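S.K.: how would this look folded up:
(4 chains, ligands or ions: 4)
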Amino acid sequence: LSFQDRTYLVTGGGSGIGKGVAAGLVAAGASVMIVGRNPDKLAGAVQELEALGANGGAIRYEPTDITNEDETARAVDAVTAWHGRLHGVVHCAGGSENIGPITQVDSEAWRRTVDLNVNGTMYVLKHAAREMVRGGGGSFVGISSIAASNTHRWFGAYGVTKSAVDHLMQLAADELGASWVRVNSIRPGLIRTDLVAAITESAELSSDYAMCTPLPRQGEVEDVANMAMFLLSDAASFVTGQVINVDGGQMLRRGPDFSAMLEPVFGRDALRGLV
Amino acid sequence: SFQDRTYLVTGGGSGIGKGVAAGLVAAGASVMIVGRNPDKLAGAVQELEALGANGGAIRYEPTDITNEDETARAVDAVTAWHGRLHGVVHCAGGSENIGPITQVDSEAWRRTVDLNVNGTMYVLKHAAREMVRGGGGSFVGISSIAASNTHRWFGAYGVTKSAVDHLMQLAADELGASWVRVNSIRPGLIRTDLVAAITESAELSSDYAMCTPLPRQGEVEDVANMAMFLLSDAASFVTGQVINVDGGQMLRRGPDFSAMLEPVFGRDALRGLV
Amino acid sequence: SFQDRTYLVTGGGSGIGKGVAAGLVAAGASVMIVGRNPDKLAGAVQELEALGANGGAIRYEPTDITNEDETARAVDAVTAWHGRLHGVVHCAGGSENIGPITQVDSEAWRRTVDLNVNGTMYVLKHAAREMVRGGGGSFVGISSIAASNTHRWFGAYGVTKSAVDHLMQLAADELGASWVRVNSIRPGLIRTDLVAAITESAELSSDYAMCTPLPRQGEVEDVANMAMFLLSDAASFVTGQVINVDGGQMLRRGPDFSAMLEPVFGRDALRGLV
Amino acid sequence: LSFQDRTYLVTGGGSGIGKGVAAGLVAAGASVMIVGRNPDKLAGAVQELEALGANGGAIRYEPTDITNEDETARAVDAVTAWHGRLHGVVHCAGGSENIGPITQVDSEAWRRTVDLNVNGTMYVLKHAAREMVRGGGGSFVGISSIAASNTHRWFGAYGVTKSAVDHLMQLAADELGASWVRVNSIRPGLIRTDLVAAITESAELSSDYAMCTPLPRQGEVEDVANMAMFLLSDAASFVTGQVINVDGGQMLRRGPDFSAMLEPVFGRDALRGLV
Ligand SMILES: [Cl-]
Ligand SMILES: [Cl-]
Ligand code: NA
Ligand code: NA
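M.R.: Numbers count the residues shown, from 1 in each chain, chains lettered A, B, ... in the order given. Ligands and ions are numbered 1, 2, ... in the order given. This is the structure:
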């Protein structure tokens, strides 16, 4: 239940979900290192997060392009060297550059998404895992997506790669349980971030998501932060290998239909293939 | 978020249910435990009263969940206690026989079905009515790893718990519009009185440990922690989930009770020969 | 691989069961159809006899699968016909009521449970006994997309069919050592007499089509084709599978019967208000 | 039920499963193009496959490195131009170069596996799909693995990438159903090929697989070929988006434990992380 005097690494800690997770931990008295691509945002987030955690919290940043393994490895060394032990990780770094039919998918955009999500995650887990095993245990939380649990027509590499990441969390849980390192995935549904204010505020797509979602609201960053913190905590010490949706129940229905956005740009025939 | 709230816990007289009740009482909640054995329910109350005051309170009503009318009466009693029912943790259920599918004791199978499938439906049906009228709540059904991974020779148990998990998800679909969340927890091997048979066997104990990534057995607190989280406002966007608390055993397989069952049935019987 | 073999088909008097029976007869198999309605079973026999000779043959026995003794008697009859039972396609089952979980007709729910959970177990239990003694076989259980994707307001149907799918997998685990394969098929919307309500509604018909990647409704032949493949030696390394034949509807969602149910129950009732 | 006068593309058609699938189709009277990396094997397989299909069958090859999209696109043009229509695809090309703990995984080997399985599959599906949509429909069958359905400790990228591929088949099925293009995945268990005679014939690993497998035998290439042919055929014309194991029921138990092979090479501590 407590996080005081524990140290965590948070990737994509500069905005959206990662920032919320970092906020939560620092406010609970944890030491956090946030890593991400943009030193501007990272620095900004740090001065802000520092206001929280008058409760013993601490915050640091290291700019890191997680598609380069050396940079990931260095960041993991630094967070571990901070107090000597790395208690956990929340991996929120990851992206999506594709939107369109599989038959016309931009292969460079696809390959970038694979590198970021699949390889990026592997580097973070590989190196974080080494220290958590040496430290006598810990908890790794991967942030996936409902795109992995429910097909999102025209999202190309997003759900494909997030499915890989979910499998990698389960594989690692299997391998690392003997070392008391728990590994779990969270798949958020529609969460309100500045990143996705186009969708959340659009009449057609907000309406489609709402019809797919049993609970009558959209998600919030705090919803995902709460699950991550629970899974990092000792209250989940027998929970590993799980893949858990924080999505208002959307996985019980279907992924969203982005027709209304895409039909005027691609035409209906392209959306069922047909080049 | 437990302090000013009231919860129903079925099967609250021992094991998982009792742990859940104890955690909620400790947090300041009011809890009504119900179950078949009045001696055990009354004893659990006396024990849990010791968890005293964050202002928590505990009551019991003997209830046979195979009887819909008694179940509805229990739901009326918990609801009238402070005027609103905030959540349910449904731990009542079990099974009565290990053996090959070809030798299933049909009356025991029917009993397990009645208890697990029908009993869960009645609790859900009437708890949902009140949680809808009251403006929302959280229903947690306790299932088992027997539903997620085949347990050879467990017959009705895994079958009925899979039915229950589907019910939890169907109910989440139907009830989300009324702010009633419904989730399932599947425990792995949890240390209780009900598990002394696995405990006394080197073969069975070893088999579970080999099937379990984390190098320990589960505790009732582990399941109680998950249940409380899912009841809390910290899980307010979580519904329709089926979540294992099992040390990662679902990543491997169900246990193999061959060592125990071979001397009773014979090897041929365990692959269906009569 | 059907020519010199004998199969039991439950619910063989109409719909999916009858299609399955017809395909097997056409291929030269002997088929016993069983079911509750003797007029319909007898009429199906007369029809299927027309499928004549690749040397195929068809018989019927009226059987109430909620009675284990009648079920065992049907399994004895099919087995004694040519001395070995090679497989089963279990299509008998159904449901009796659409409505919110908060207004479930408990007697109809129990009936659906008895028919689907208990009835399937009896057929499986006794068919498995003979298929084990005979040196192997293939058991195909027919389930439904209601088990793979929540169908709001379908109550016991999806719940019980999920129980059935778990049973198929448990039985595959137990019985593989005796070369008895057990698999489940989940059909989507299939064109039969049982679906005229969806057919007559623009709203419901449109909703299914929107939920279905392939731009057509399912046919009984589609399900019969899958069943035959799974019975065949071409599927000899396939067991424990649960396979949809649904035009890809499982990739989207279950149907939304709101248009039909709103005028009966009201909108508030459909989210659990009583 | 028939395959006469239909044309199919088979990737990895030069050995193992692909060769068996190609054999099956040609023998049933189909035209097949087999593609793969090694022109020696491809040519060999063609002269052999030509003996079969006195029943109207036809066989061709094009050497193709499926990690290069241009080469994949050319092969798809050629098979389609052959008779004017491409009726289906069975995608068996794919590999696995990793064996060891996630904490010590060779990142170059990992990245190669991702490129082959994830990107390779996408290229094949993208371009094959274009023609099948234009042709009025068809059937794409992806060959995955039980490594995707059940965690295989120490298999690193194999199950991770095969999980991605399964998701991609489901996404494509969702997108392309409107065009009558069905897309499905097969996950084989232990299949006897020359590739894996080390495992299938080893006492410890054969024994472990056998205990995990309800049916008392190992798989055969014909078992997978039969499922693929059924899914290509009109007898499966309402079957799309499915992910189907041909594994003797192994998915009901667990993936294999390669401890006996790996412990003497890595030590027990490395196998639970600990570098
Ligand atoms: Cl009790
Ligand atoms: Cl009938
Ligand atoms: Na209180
Ligand atoms: Na015959």
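
S.K.: how about the residue in the stretch 1-150 of chain A that chain D sits nearest to, what does it touch?
M.R.: Per CB to the nearest CB, residue A:133 is where the stretch 1-150 of chain A lies closest to chain D, at 3.7 Å. C-beta: built from backbone N, CA, C; applies to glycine. Neighbouring residues of residue A:133 by CB atoms under 8 Å, 6 or more residues apart in numbering or on different chains: A:176, A:179, A:181, D:103, D:272-275.

S.K.: equivalent analysis for residue A:76, please.
M.R.: Neighbours of residue A:76 in contact, by CB under 8 Å, 6+ apart: A:9, A:86, A:124, A:127-128, A:130-131.

S.K.: thinking again about what came up before, which of the contacts of residue A:133 fall within helices?
M.R.: Using DSSP state H, the members of the contacts of residue A:133 that fall within helices are residue A:176.

S.K.: relative to chain B, which of the contacts of residue A:133 is nearest.
M.R.: Closest approach between the contacts of residue A:133 and chain B, by CB to the nearest CB: residue A:176, at 7.5 Å.

S.K.: name the nearest residue to the closest one, ignoring sequence neighbours.
M.R.: residue D:273 (5.1 Å; CB to CB, 6 or more residues apart in numbering or on different chains).

S.K.: that neighbour pairs with what?
M.R.: Judged by DSSP bridges, the bridge partners of residue D:273 are residue D:271.

S.K.: longest strand in chain A, please.
M.R.: strand A:181-188 (DSSP state E).

S.K.: helix or strand next in line after it, which one?
M.R.: Note on strand A:181-188: by DSSP states H and E, the next helix or strand toward the C-terminus is strand A:191-192.

S.K.: is the helix or strand just after that following strand positioned near chain B?
M.R.: Next in sequence after strand A:191-192, counting helices and strands by DSSP H and E, comes helix A:197-201. No: Helix A:197-201 does not reach chain B (CB under 8 Å from any CB of the partner chain); its nearest approach is 14.1 Å.

S.K.: what residue in chain A comes nearest to ligand 1?
M.R.: Across chain A, the shortest distance to ligand 1 (CB to the ion) belongs to residue A:238, at 22.7 Å.

S.K.: count of residues packed around that residue?
M.R.: The number of residues packed near residue A:238 is 26, by other CB atoms under 10 Å in any protein chain shown.

S.K.: excluding chain neighbours, give the residue nearest to it in space.
M.R.: residue B:222 is the one closest to residue A:238 (CB to CB, 6+ apart), at 3.9 Å.

S.K.: what ranges do the strands span in the stretch 51-200 of chain A?
M.R.: Using DSSP state E, counting those that start in this stretch, the strands of the stretch 51-200 of chain A run over residues A:58-63, A:88-91, A:138-143, A:181-188, A:191-192.

S.K.: sorry, back to before: and the buried ones among the contacts of residue A:133, selectable in ChimeraX?
M.R.: To isolate the buried members of the contacts of residue A:133 in ChimeraX, using 16 or more other CB atoms under 10 Å in any protein chain shown:
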select /A:176,179,181 /D:103,272,273,274
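
S.K.: wait, which of the contacts of residue A:133 is closest to ligand 2?
M.R.: residue A:176 (53.1 Å).

S.K.: will you turn the strands of the stretch 51-200 of chain A into CSV that also has distance to ligand 3?
M.R.: Shown next, in CSV, are these (distance: least, CB to the ion, whole Å):
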stretch, distance to ligand 3
strand A:58-63, 35
strand A:88-91, 33
strand A:138-143, 31
strand A:181-188, 31
strand A:191-192, 32
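
S.K.: what's the closest of the ones you listed to ligand 2?
M.R.: That would be strand A:181-188 among the strands of the stretch 51-200 of chain A, by CB to the ion, at 42.6 Å.

S.K.: burial measure for residue A:10, as a count.
M.R.: Neighbour tally, residue A:10, other CB under 10 Å: 34.

S.K.: and the helix or strand where it lies, what other elements does it pack with?
M.R.: Using DSSP H and E, residue A:10 falls within strand A:7-11. Strand A:7-11 sits against helix A:16-27, strand A:31-36, helix A:69-83, strand A:88-91, with contacts defined as 3 or more CB pairs under 8 Å, 6 or more residues apart in numbering or on different chains; DSSP states H and E.

S.K.: check the offset of the third one from the chain's centre.
M.R.: Its chain's C-alpha centre and that of helix A:69-83 lie 19 Å apart, by CA atoms, centre = their mean, to the nearest Å.
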